[PDB]
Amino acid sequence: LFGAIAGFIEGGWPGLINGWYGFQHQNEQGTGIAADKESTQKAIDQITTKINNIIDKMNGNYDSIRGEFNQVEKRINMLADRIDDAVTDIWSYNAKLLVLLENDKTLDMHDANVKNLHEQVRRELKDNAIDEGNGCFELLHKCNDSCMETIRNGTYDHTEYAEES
C-alpha cells in the first residue's frame, strides 16, 4: 500500500468523467475538474493486459476427465471420477487464490498510480506551491487557465514564476 487512496487523499471524486485519476483546480476564473488521460490510459492498458493474460493463457483442455463404464467396472469408474475431482480441486483453489492475490495487487496499483501522480505535480511546482498534505497544492503565485494546463500536462516550468513567491 502506498498511502494515497483512502490515505492522505481521503476521498474520491464523483463526477470525474472518463478517467480514474485527475485534477481539480480553482483560480479566479472557475472550476475545474479533468481526467489525466496519460496515467489513466496507461493504467487501463495494464488492467487489460492483466485480464487478457489471466484468460488467454488458459488454452488447454478443461472438459471432464471421464469415460464410459458398465456396472461391472465400478472401481475403474470410481478412480476416473476421483481423478477428475482431484484435478478440479487444484483449479478451484488456484482460481480463488489468484483472484484474491490479483485484486490485492490491482487496488495497490491504483494507489501507487495516484501517488505517483501527486508526486509528479509536487516535483513540478517545487517552491511555487504549499503542499497541504491532502492532495491539494496552494499556489503562491497566480495561475492562468493556461497555467493550470501546463501543470496538468507536465510542462509547467518553476523558473517562470519563482519571484511572485
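From 1 onward, residues are counted along the sequence shown.
Stretches compared: 10-18, 141-149. Higher mean C-alpha B-factor in the entry: 141-149. The PDB entry reports B-factors from which the mean C-alpha value can be compared for 83-91 and 68-76; the larger average falls on 68-76. In the PDB entry, the Cα temperature factor peaks, among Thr49, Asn113, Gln29, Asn103, at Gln29. Take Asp56, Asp108, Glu119, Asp36 and read off each C-alpha B-factor from the entry; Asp36 has the highest.
In the deposited entry, the Cα temperature factor of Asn128 places it in the highest third of its chain's modelled residues. In the PDB entry, a CA B factor belonging to the lowest third of its chain's modelled residues is recorded for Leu98.
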